[PDB]
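The block underneath contains the structure these notes are about, expressed in structure tokens.
Positions are given from 1, in the same order as the sequence printed here. Computed from heavy atoms alone, side chains included, the values below leave out hydrogens, waters and symmetry copies.
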Amino acid sequence: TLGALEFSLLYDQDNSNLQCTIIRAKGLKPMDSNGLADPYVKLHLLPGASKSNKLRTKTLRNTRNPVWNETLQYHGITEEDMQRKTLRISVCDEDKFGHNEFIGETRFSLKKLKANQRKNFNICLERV
């Protein structure tokens, strides 16, 4: 009962561009009483060199059913990266002082993506 995440991936191979559309989440679990329902998504390429491997959506306010409707683009993604790397997608709530609480995540091996073929996802978040 952590919550369900919706997203779409496309690897525009010829332009070395992996386009990650973070669509929405539904039923994000209420947690820290002192925290806020200010959800946002973080992307990580694993293994990665930190900083540059990370992308982040807009933070919404007062919602457990956020609609981000946003495409995060990893430019300079190669066949070697698609072979090696895993896309970790993590949902978190931003708190009163710009810190956060981790709600849940999902992971997808980029080997399974096919060049120029959009894959849509509707998954439930998990904790590892």
Please determine whether the number of non-hydrogen atoms from other residues, nucleotides or ligands lying under 6.0 Å from atom NE2 of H75 exceeds 12. yes
Are more than 12 heavy atoms, taken from residues, nucleotides or ligands other than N69, located less than 6.0 Å from that residue's CG atom? no
Can a donor-acceptor pair be found, under 3.5 Å and without considering hydrogens, that links the side chain of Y74 to the backbone of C20? no
For the backbone of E101 and the side chain of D93, can you confirm whether one donor and one acceptor N or O come within less than 3.5 Å of each other? no
Common cluster, [X]/[Y], ILVMFWY with side-chain heavy-atom separation under 4.5 Å:
X: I23; Y: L72; value: no
X: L87; Y: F121; value: yes
X: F7; Y: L60; value: yes

For residues 26-41, run the donor-acceptor check on the side chains, cut-off 3.5 Å, and write out each pair with its distance to 0.1 Å, sequence neighbours left out.
from, atom 1, to, atom 2, distance (Å)
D32, OD1, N34, N, 3.1
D38, OD1, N62, N, 3.3

Tell me, which pairs form a salt bridge (charged side-chain N to carboxylate O under 4.0 Å, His left out) where one or both residues lie in residues 51-74, sequence neighbours left out? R56-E94
For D95, check side chain to side chain donor-acceptor pair (under 3.5 Å) against everything at least two apart and list the hits. none
Tell me every residue that passes side chain to side chain donor-acceptor pair (under 3.5 Å) with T63, counting only those two or more places apart in sequence or in another chain. none
Passing candidate, side chain to side chain contact (heavy atoms under 4.5 Å, CB included) with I89, options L125, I123, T106: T106
Taking the side chain as every heavy atom from C-beta outward, state whether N100 and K42 have any atom pair closer than 4.5 Å. yes
Please report the interatomic distance [atom1]([X]) to [atom2]([Y]), rounded to the nearest 0.5 Å.
X: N120; Y: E6; atom1: CG; atom2: CD; value: 8.0 Å
X: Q73; Y: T21; atom1: CD; atom2: OG1; value: 8.0 Å
X: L5; Y: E126; atom1: CG; atom2: CD; value: 12.0 Å
X: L10; Y: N116; atom1: CG; atom2: CG; value: 7.0 Å

Dump the intermediate steps for side chain to side chain donor-acceptor pair (under 3.5 Å) on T78 and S16, then the final yes or no. CA-CA 6 Å; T78 60; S16 307; over 6 Å; no
Partners of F102 by ring-ring contact (aromatic ring centres under 6.0 Å, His included), sequence neighbours excluded? none
Between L110 and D81, is the side chain to side chain contact (heavy atoms under 4.5 Å, CB included) condition met? List the steps. CA-CA 8 Å; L110 294 168; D81 300 343; 6.0 Å; no
Can you list the residues that meet the salt bridge (charged side-chain N to carboxylate O under 4.0 Å, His left out) rule with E105, with sequence neighbours excluded? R88, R107
Would you please test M82 and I77 for side chain to side chain contact (heavy atoms under 4.5 Å, CB included) and show each step? CA-CA 7 Å; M82 292 300 283; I77 296 293; 3.8 Å; yes
Apply the test side chain to side chain contact (heavy atoms under 4.5 Å, CB included) to residues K85 and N53: give CA-CA distance (whole Å), side-chain angles for both, the deciding distance (0.1 Å), then the verdict. CA-CA 10 Å; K85 302 184 185 291; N53 73 332; over 6 Å; no
Chi angles and distances behind the side chain to side chain contact (heavy atoms under 4.5 Å, CB included) call for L113, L18: CA-CA 10 Å; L113 264 190; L18 177 67; 3.8 Å; yes
